[PDB]
Ligand SMILES: COCCOc1cnc2ccn([C@H](C)c3nnc4c(F)cc(-c5cnn(C)c5)cn34)c(=O)c2c1
């Protein structure tokens, strides 16, 4: 039930634009297209193709006014490299309605044997992520879980930063480790040093994660630091170590990665700078699909 008075009065008007009437959404529960810890994702027809995420694997949604507020904030985000929220549908837990992303998550796409992106293509995927993150950062939004598994591609191969707001989940449980003091399940191999120490996330720790994501692109989806175990990553990094330069990664792109992993968070490049530097490197290449 929607209690309009429980919302901030400023936001009441925006509710009509986020809520999807059940007569407008056919959900095909016969075919799972995504699996999160908090719930499964299904085909949906809104005629446009959509992805419908359940949150029923969680025992409770939380404060319904807060859930709507998150929806309202999220729907106002609009950028070609950020996954949009189409809306929220209520059933007698609510369903989150996202655009259909035909080619799935970026990591699986670059690992796929049937597709063959060139080096220029891979750098271009990187640039598209950088633009999405420049936009999210301009809205003061900290992602906290940027990684190739958490970006998706549509039918035109447009790359979108995903896995945030009401779509946030663990879609590959392998890469999340339980903190012993806090219990939080953390993507430690994508995390900045300071975040591993404090569990505080900033746009500058998203930039660190972005550097790792660039490394994933250039290795076509290799797992980072395979011979390091979970929270021993802090010890590993503090030995004076970083991920090695992939074979087909240009020297300037590796230099970009090293700047993203700067020990001083404030000395890491902004996402605007990353878009600028990467656009330059991208422009030096010929040949792409
Ligand atoms: C091969 O892909 C077939 C298309 O299936 C789709 C098509 N479109 C979508 C759209 C959204 N989602 C959920 C809500 C979602 N939202 N963000 C993400 C994300 F960042 C990653 C994933 C994901 C799914 N599987 N994996 C490995 C990662 C799923 N994500 C989906 O799971 C989803 C699944």
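Our numbering is plain: 1 for the first residue shown, then up by one each step along the chain.
Per the header: X-ray crystallography, 1.9 Å.
Note: Cβ is positioned from N, Cα and C throughout, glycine not excepted.
Per Swiss-Prot, the features are as follows:
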{"type": "ACT_SITE", "residues": "145", "note": "active site, proton acceptor"}
{"type": "BINDING", "residues": "33, 34, 35, 36, 37, 38, 39, 40, 41, 53", "note": "ATP binding site"}
{"type": "MOD_RES", "residues": "171", "note": "phosphotyrosine"}
{"type": "MOD_RES", "residues": "175", "note": "phosphotyrosine"}
{"type": "MOD_RES", "residues": "176", "note": "phosphotyrosine"}
{"type": "MOD_RES", "residues": "230", "note": "phosphothreonine"}
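In this structure, 33, 41 are the recorded positions from 33, 41, 175, 230 whose C-beta falls under 6 Å of some atom of ligand 1. Distance (Cα-Cα) between residue 46 and residue 47, which enclose 6 unmodelled residues in the deposited structure, is 6 Å. Missing segment of 2 residues between residue 92 and residue 93: the endpoint Cα atoms are separated by 8 Å. Spanning the residues 33, 34, 35, 36, 37, 38, 39, 40, 41, 53 that the record associates with binding ATP, the maximal Cα-Cα distance equals 14 Å. In the three-state DSSP scheme, residue 176 (phosphotyrosine) is classed as coil. For residue 39 (ATP binding site), the Cβ neighbour count at a 10 Å cut-off comes to 19, with all displayed protein chains included. A gap of 11 Å separates the Cα atoms of residue 37 (ATP binding site) and residue 176 (phosphotyrosine).
Each of the modified residues 171, 176 was scored by how many other Cβ atoms lie within 10 Å of its Cβ, and the smallest score goes to 176.
Counting other C-beta atoms within 10 Å of each candidate's C-beta, the recorded positions 33, 35, 175, 230 are led by 175. On its own chain, the residue listed as 'active site, proton acceptor' has 163, 164, 168, 187, 190, 209 as residues at least 6 apart in sequence with a Cβ closer than 8 Å to its own Cβ.
Proximity to residue 176 (phosphotyrosine), judged by a C-alpha distance within 10 Å, picks out 230 from the recorded positions 33, 35, 39, 41, 230.
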